[PDB]
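Let us start with two forms of the same protein chain, each given on its own as structure tokens and named structure 1 and structure 2.
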Structure 1
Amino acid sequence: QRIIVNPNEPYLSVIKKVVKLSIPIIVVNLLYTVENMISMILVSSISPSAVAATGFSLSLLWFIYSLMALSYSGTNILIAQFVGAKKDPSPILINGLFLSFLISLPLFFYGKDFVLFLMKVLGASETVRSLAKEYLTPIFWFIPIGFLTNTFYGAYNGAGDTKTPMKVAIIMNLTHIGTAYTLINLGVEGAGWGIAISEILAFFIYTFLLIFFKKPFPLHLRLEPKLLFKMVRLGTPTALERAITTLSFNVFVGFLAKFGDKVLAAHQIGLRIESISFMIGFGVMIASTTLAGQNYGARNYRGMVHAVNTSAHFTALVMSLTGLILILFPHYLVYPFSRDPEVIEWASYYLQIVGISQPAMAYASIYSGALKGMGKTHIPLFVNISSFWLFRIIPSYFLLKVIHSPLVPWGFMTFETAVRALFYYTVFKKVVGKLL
């Protein structure tokens, strides 16, 4: 019944309430890694052309799944503020559910023919097109169901119940792995039905315990169609932030593409080791959005700032240990990917450089999440994109023309995540000041 943080809550009591929100969210994202990694093992069982049709379609789903951030943010942030304000959050759910159902319609029928038409700028023949169509025919069949499940995740996370979406995720992963492995060995369509069936089951779940059980709230009868204007206004900066950043990664990765085909491999190898250390900060970002959102809606700003200050220092300590393990044991972490010793050379240089900025990378997530919970979704859009260019790409684009070294993009990457962190603890200090 709403997790408020009192302004003098002991440090120990605050953190033990952050991990109760973060750990279930982290498990959902850790299972997402296993769900996709096992999916790669199931598609690489027949022809290698099915591996190419999947990896290029999954990355094409990354740019496409940015529309989910529109309905997620509007649902997750407004529910958190309402629950904190001791208010009925019933209209926000089925307005976001209705909102997610609408934005998914342009991807219905029309979105299906957008990837096949796009598969003519890489050399994709009629065979790669036909195979990639089998995999995406059931996926694009049931997109509104995937958009409705994503709104239930935001509704659960906003209300403070992140355990139950983890339970459904544990069922969703086994269902996807179970359905795919069974139907794959009958065409690559089986892996596509695993996504479709794991989404209908999660939705059939997310529909059953609404009508029959708890859910974030006991539903009711919505009477407020004017709230989706604020859900669209809230979700718009978050949807653009995730989309523009993914476009900015390809530009930054392009800086390392000029260094042969070994630095690109070493960058991806460190990226996987970075991703394991990234599931934490993203989970603590969503947990901070819930905590800051409910305390903001409760008008308990004294404790809202105390909760985010406590979780900022603690996660910085956790990432400090994470940064220490990365710097101390670089070669140990690359052994599963240790093919060429020269690749290990750049991989060890990468992890040691980015390991310095792991604590700073925690302040960005804890403050972005806090600011998103306060309804300031435009701030992470402005902060994460401005700094990404005039502090990463722009300094690297000029210094690479003189000082040719692949650790120039990696050095400016660590330097910028530390400047972005010092940017957040300033806006937040400013927003809190006017808040008091």
Structure 2
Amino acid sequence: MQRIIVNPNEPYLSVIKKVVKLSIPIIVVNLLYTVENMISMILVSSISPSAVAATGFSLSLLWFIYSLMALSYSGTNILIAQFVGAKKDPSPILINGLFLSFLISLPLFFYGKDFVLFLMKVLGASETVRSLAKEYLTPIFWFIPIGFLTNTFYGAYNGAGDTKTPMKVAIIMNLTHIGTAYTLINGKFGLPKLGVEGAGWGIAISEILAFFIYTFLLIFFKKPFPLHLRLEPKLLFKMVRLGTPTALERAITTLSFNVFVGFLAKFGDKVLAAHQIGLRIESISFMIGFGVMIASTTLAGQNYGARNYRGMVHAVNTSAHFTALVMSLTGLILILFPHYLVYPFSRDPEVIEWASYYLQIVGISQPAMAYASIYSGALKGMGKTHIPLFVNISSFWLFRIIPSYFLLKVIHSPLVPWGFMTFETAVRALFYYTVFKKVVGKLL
């Protein structure tokens, strides 16, 4: 596999061309997932509001336990990028990462469903909503090892620098997901109506199809890399070392976010609904920085593996400036046109005003988020996965949650947590920039 080297004095537009080629397929992958989940929500709402509640609770808890996938994703992803940059054969990384992903899926396969329903009992779901959720989750947990394996293929491609092939798989996966769920929920074309169980099968069947395509490309075209059947315990242990802080950051971020949202829950259903609407609107801004973050791990990792440290820094700094310009635009749009963006979601005047204030406050923070996304990705590509764990969790609690806790005792307004959200985002970018300079300085 050929590397994506960035030369220390490469012109700006030639670096961006490489960044955009990597980043656009990941942004597409992410936006297909957003569109699919929106369509899947409408399909389930054709059943009953208890069905919507069951899948709503299910998806949030599934998102939590999916933190585990970051372990096998990150270890495989980082090491393949570094090996490609060092001109080493990455085939051992691919096979051990897939086996590791399969292994860590097994506790979720054997007892993840009970754990989810257990953690659903807690949130105050009726036993009817939990009984529907158990039907929805049954096919999902039957094939959760397939989900782990396809997520690790995704990481192998991305680290290898071929983000287009997972985008191709994602297009087919997402049509299969929507077509299956639509067919099995409504019982279309002389097929039995399965209810929420049909929405679950849509996830399982699309994952099985993704896995078959990945495996077909592996056996017959040698994937990103040829298949070699040999486990290497030293690589398994290195992948665990790399991926464990990433899995932990995702799990702890979700818990921290639950705490923070509770601050808005105390303002009533309308402030809470506006926060959610503002979040899903803000996440089209999110996916851009998230895709270039993926791309930053590939670029940083490959150039780090090549010991091309000056070119690695050049790639990261150029990427960061470019993504901060793009998100200056998306942020400007959030500040200027919030009533247009909110309009498709609700018509409650009072909800429109809160969500619009949310979008405006956070739109200021979009360029900072771009900086945090890219420096985080660059540190992961260097193998420093414990650094985004420390930066993200310490920033979240010290500059967002705890200041909100104390000032909300004096100022009873949702603008308080929302204002600290944008303050913390700016602080966290400065934090990442500071640590990145010191890390790169020792490297140079």
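Whichever C-alpha set is largest while still superposing within 1.5 Å between the two forms counts as the rigid core. Residue 1 is the first residue of structure 1, and the numbers go on in sequence order from there.
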Moved residue between the two structures - picked from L118, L105, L317, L271, where its Cα shifts 2 angstroms or more relative to the rigid core: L118
After a rigid core superposition, would you say the CA of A298 moves by 2 angstroms or more between the two structures, or not? no
Kindly check if the Cα atom of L209 is displaced 2 angstroms or more between the two structures relative to the superposed rigid core. no
Does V168 move its CA by 2 angstroms or more between the two structures when the core is aligned? no
Between-form comparison on the rigid core puts the Cα shift of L221 between the two structures, in Å, at 4.8
Once the two forms are fitted on their core, CA shift of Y135 between the two structures in Å: 1.4
For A362, the CA shift between the two structures after fitting the core, in Å, is 0.5
